[PDB]
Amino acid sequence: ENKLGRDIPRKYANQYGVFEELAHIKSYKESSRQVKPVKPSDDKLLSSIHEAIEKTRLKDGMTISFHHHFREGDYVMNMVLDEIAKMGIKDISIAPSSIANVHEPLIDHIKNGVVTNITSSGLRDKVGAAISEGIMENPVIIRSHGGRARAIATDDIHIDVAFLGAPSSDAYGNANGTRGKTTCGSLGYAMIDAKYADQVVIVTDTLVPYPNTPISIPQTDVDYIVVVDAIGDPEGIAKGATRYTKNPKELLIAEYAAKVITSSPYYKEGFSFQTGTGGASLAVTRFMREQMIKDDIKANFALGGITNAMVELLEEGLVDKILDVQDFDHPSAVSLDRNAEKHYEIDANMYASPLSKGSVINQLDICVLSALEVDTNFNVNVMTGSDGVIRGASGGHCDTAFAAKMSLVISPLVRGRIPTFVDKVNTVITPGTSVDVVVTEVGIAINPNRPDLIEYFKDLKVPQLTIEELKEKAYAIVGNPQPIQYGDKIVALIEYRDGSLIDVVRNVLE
């Protein structure tokens, strides 16, 4: 085997870098695109997605991309792909920033050979279920948000045509995600596509007179613009904010998490942080705020997927600035426009790329992450569930977990009949060497790899245990989990942020 207790077949271990103790990085030639100059009399606006595919010269075997800022309300993905299928185009390589459940139509396109390769952060329930049963012949390549940005910039992947949805755009390409009848706020994942892709087709829901502003994607990165009745589901982003949890167990976990942060050697005036987008990982901000108020300390900035709780803090003057790569509710998207400058939009590359001139997460003091599983080696799994079926997402988990000065992975000891702590995770997305402190409702588990933290928290008034004790404490609740029946087909490869393979995922026998 390799570094960790992973069974990665030599076929892939040799194809990709076989490892994931972190290594070194050296200079590289950034990817360059094939630009098609526009004549002063050329019209970049098109009538339909059809003509877009046409005038774009899309052929078999090419690679196309999409973003997931509209999440479950997305219409662009199913829209383009379907037209590609109808036009008899096949063997297309898909490179979406991430895949949601509304993207179910993808399954048939796979079965019929329209899509032959997929790469993204996650696949979620439906698409992931299919992929887990062996639908595709080739393995789905999963990359973290930073990994995707790294790959595109390193050119070890190249987008032929990027179909990007934009809630607003002029007839020349200037687009943004904060204006229109179907906004989504930031466009950080799409911004990188339009920057490295050869041809960019933005699909807008609302056409604005030239010049459109603000500008998240400049006319200089766009080739064609197509207007449609709707790019995303109306209320699918026009709803409201998601309040904190009420579950006492989660609130306790959140509170313990905040005590770890506010007692850490990083909690002081001008400290940075990133919290979750729901559950206990999100609630932690409530207790954190309280402690920040008791003291007169103020944080310099907040990152990640912003939520209303984050906007709340920016307005109360508790956090000076806020860097946004993705919004998780209408109010946060609104804030990106309302509190300009103080709430800034950033592309995924500036966000979490391991091979850049510098990422924001590199200035992050602490992050609060969640998990599906976590073994006695501190490895975290956010891809596969108990049944071994893919349904998660890599996101920026292994990304920030590494950059952050102190990584917190909080999660209930057990979920129903499924233990959150085990001796070995089914799939590895984030190496234990990146996890500093684990928080549960039973206490805190400090990674012995961080002796400086064990001492600093020595007197911390919170129950402390070993990761092994958490596992035993879990097994004593739902008993040893019943092993799953895995096949021999490699359903997908998990590429670590640095580009090497950290693990793999096999099919689940029917």
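Residue numbers here begin at 1 and follow the sequence given.
The segment from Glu20 to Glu21 is interrupted, since 1 to 3 residues of the deposited sequence in that interval carry no coordinates.
For the pair 9-17 and 492-500, the mean B factor over Cα atoms is greater in 9-17. Comparing 216-224 with 402-410, the stretch with the higher mean C-alpha B-factor in the PDB entry is 402-410. Comparing C-alpha B-factors across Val35, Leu45, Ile477, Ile446 in the deposited entry, the largest value falls on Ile477. In this structure the maximum Cα B-factor among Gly276, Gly416, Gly396, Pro331 is found at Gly416. When the modelled residues of the chain are ordered by C-alpha B-factor, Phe287 sits in the highest third. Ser65: CA B factor in the lowest third of modelled residues in this chain (values from the PDB entry). Placement of the Cα temperature factor of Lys249 within the chain: highest third of the modelled residues, per the deposited record. When the modelled residues of the chain are ordered by C-alpha B-factor, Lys259 sits in the lowest third. When the CA B factors of the chain's modelled residues are split into thirds, the value for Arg143 lands in the lowest one.
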